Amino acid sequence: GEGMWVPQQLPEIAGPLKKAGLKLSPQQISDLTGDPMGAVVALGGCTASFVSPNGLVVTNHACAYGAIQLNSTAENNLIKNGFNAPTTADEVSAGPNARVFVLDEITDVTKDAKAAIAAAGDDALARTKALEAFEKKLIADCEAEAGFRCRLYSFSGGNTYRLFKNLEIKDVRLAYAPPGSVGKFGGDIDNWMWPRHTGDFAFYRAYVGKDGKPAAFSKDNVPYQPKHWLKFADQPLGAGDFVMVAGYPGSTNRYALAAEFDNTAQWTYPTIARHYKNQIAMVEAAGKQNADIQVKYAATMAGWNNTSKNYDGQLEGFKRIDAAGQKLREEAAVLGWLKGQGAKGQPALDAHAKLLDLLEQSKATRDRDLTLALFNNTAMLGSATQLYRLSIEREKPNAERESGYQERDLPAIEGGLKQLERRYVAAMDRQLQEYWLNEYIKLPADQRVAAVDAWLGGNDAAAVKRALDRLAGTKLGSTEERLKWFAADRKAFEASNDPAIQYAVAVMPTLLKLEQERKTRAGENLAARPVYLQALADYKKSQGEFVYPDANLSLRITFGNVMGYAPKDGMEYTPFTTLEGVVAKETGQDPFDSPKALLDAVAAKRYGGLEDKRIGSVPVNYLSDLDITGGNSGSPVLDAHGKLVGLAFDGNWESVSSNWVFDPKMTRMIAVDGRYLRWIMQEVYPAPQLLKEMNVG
């Protein structure tokens, strides 16, 4: 059922957990570094878990997709063929920016954080800077122990702060991926949909130095020996059975003003969806004719597809439940309730007015702000601006450097510059530059940027072509040239004739000004947001509703039971799918082109010892009433005894609007059954070495 519960809320969900069928003790789940919770790890935007004492990690294929793609070429395309390392020495690097974060410690720093903010006084920009300085110092201190990366989280609009410390594993390797037609069976047609028949799994191995301590990739590294790892269920999961997930959901907006919902539904989602679908169309068309573009842009395209479809589904779910009307009426109820409390309601009413003004300020420049950010996110302009900004930050003392540009960020910056080599083709990026130039040019005069207008020197198709031809002279297309500029100083950027560098130098003062506006608004938000959101929490509790913070990339638990849902009268979706449903969808054309060994094995009824007699087949995917969102992909699903019964990977179509208004009847998790992972690894794309390592072969 509903709720992305923080670990600190275990006392309040202990009852409900038991009633839903958890047979582990709650104290046993309270130990975040114990068995089984200490097996659960963050990947940075996905979740994973250890499944062996020798550092084997299981996550979704969608989570490993970037890594698989980094190791793919048009000639040897692992997205298409799968990957399998018969021995650990055959594992390939997942990329310099791949990470496994292992939870070490959580600390409440709410009192200190809020005192740092208060000490800033009246000024909005100082208030941002005070919190930043607080955060940097705290993190520096936490990260004094080598091998650890720390993160400060704000919950419930700034009403609580906790610091997380994680062991940061920095040499993550790909151990196994099923073929794409298993890992992403049904592609974007079945994305966000049930019935689902997708084997969405892959494995990494975590590596450390011979001294036990995290290190970047080296042939001298050895597998990490985790303290805890998960075991596969020995009991067959069935309909109605208890399941729980622990993971790292990214963001939800269930506490939001009506107007923030309205702007998102009316402007933000449709705008992004359109821009993404436009770029998908260009890249798809180009990749049809160029297999190198197809493979190099596959991960970006997966992202654009997944997001745009998610947004389409949100817009549709808003209309289905009247989200606009729900938000309007809830807000009128909270505002009435506050007005009813006389004096002591006033600070929240005032906060609400301030929040609404800050939203309006945002809105006045939204087209400009989005368009410029996304133009600057093409590969060469993104490289140029990031590296020119680093050269500026490098002249300040480290503690004063912008977050993202401190010494502790240098590995990521550098690794990103290298990864891009497998994700850039000039003739493709040019078309993307051109798209964004044409969108920039449609902005009205009051949403234009002087710097970009001057640089363009014109407002028509000719000026666009002349600018593209100028940018094509960049030398940032090569990894070595980017790394040169990664180390160069500010003066070297300002003397350069590279046309992408010249763009960056020309626009940088404008980006820096926009950033200060954003920091200023954020500082006002620091004042207003916690007061209003506490009012919202207090009102929800007076209504007897569940109270838990919006997602914010920190660890949460959700729990419930295996069950289907009813999308309309006269029909029900069943909780499971089966092997014969996979074959029934076969067309022999992407995305419905399963491996021939799959089609053979199902035809021969080779169930591999994994049949669930209650469904007459091996289960493939299942529905449950858990509350998950983006960032939960890869989260283990545990049964009543804390055994692995699947991985979380998607939501059904009607669920996605729950980011803004929670609908219990149509909100489900889609997970891939542990038995299907094992079945694929036995009958279809064999990995007997891994099955043995996990004690299931």
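Counting begins at 1, following the sequence as shown.
Stretches 99-107 and 304-312 differ in mean C-alpha B factor, with the higher average recorded for 99-107.
Stretches 127-135 and 174-182 differ in mean CA B factor, with 127-135 having the higher one. Taking only the listed residues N253, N552, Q341, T578, the entry reports the highest CA temperature factor at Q341. Out of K319, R162, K277, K585, the entry records its largest CA B-factor for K319.
Looking at the C-alpha B-factors along this chain, the one for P16 belongs to the middle third. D190 sits in the lowest third of its chain by CA B factor, as recorded in the PDB entry. Among the modelled residues of its chain, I680 has a C-alpha B-factor that falls in the lowest third, as given in the PDB entry. Per the deposited record, the Cα B-factor of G3 falls in the lowest third when ranked against the other modelled residues of its chain.
The deposited CA B-factor of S218 belongs to the highest third of values across its chain.
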